[PDB]
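S.K.: Taken in order, these protein sequences are the chains called A and B.
Just so you know, the authors' numbering puts 1 at position 1 of the first sequence, and the rest follows in order with no gaps.
Just so you know, the authors' numbering puts 5 at position 5 of the second sequence, and the rest follows in order with no gaps.
Idealized CB from N, CA, C, for every residue including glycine.
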Amino acid sequence: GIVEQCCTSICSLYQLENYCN
Amino acid sequence: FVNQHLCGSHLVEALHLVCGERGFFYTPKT
């Protein structure tokens, strides 16, 4: 999911916003 | 929110922080 974008590269805190209800 | 790579449950430590008591729906595998 967001691991190919955060685990591989350093994403921003805005990318984890979609991970919220 | 330090410049660090989120691998494994590590990303979960940044997901609950973006939401809070609300929670989040991570999509891990292992």
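Could you round the C-beta distance between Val18 (chain B) and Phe25 (chain B) to whole angstroms and report it? I think they count as a contact, below 8 Å.
M.R.: Taking the first residue of the second sequence as 1, we reach residue 18 (chain B) at position 18. Taking the first residue of the second sequence as 1, we reach residue 25 (chain B) at position 25. Actually they are not in contact, since the Cβ atoms of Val18 (chain B) and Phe25 (chain B) sit about 12 Å apart, beyond 8 Å.
S.K.: What residues in its chain sit with their C-beta under 7 Å from that of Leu15 (chain B), if we drop five residues either side in the sequence?
M.R.: For the purposes of this step, residue 15 (chain B) is taken as residue 15 along the second sequence, with counting starting at 1. Excluding residues within five positions, the ones whose Cβ falls inside 7 Å are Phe24, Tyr26.
S.K.: Any Cβ of chain B within less than 8 Å of the Cβ of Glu4 (chain A)?
M.R.: Position 4 of the first sequence holds residue 4 (chain A). By this cut-off, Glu4 (chain A) is not an interface position.
S.K.: Short of 8 Å in beta carbon distance, which residues of its chain neighbour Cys6 (chain A), apart from the five on each side in sequence? Order them along the chain.
M.R.: Position 6 of the first sequence holds residue 6 (chain A). If we look at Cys6 (chain A) and ignore the five residues flanking it on each side, its Cβ neighbours are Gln15, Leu16.
S.K.: Could you give the DSSP three-state label for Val2 (chain B): helix, strand or coil?
M.R.: Taking the second sequence and counting its residues from 1, one reaches residue 2 (chain B) at position 2. In this structure, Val2 (chain B) counts as coil in the three-state DSSP scheme.
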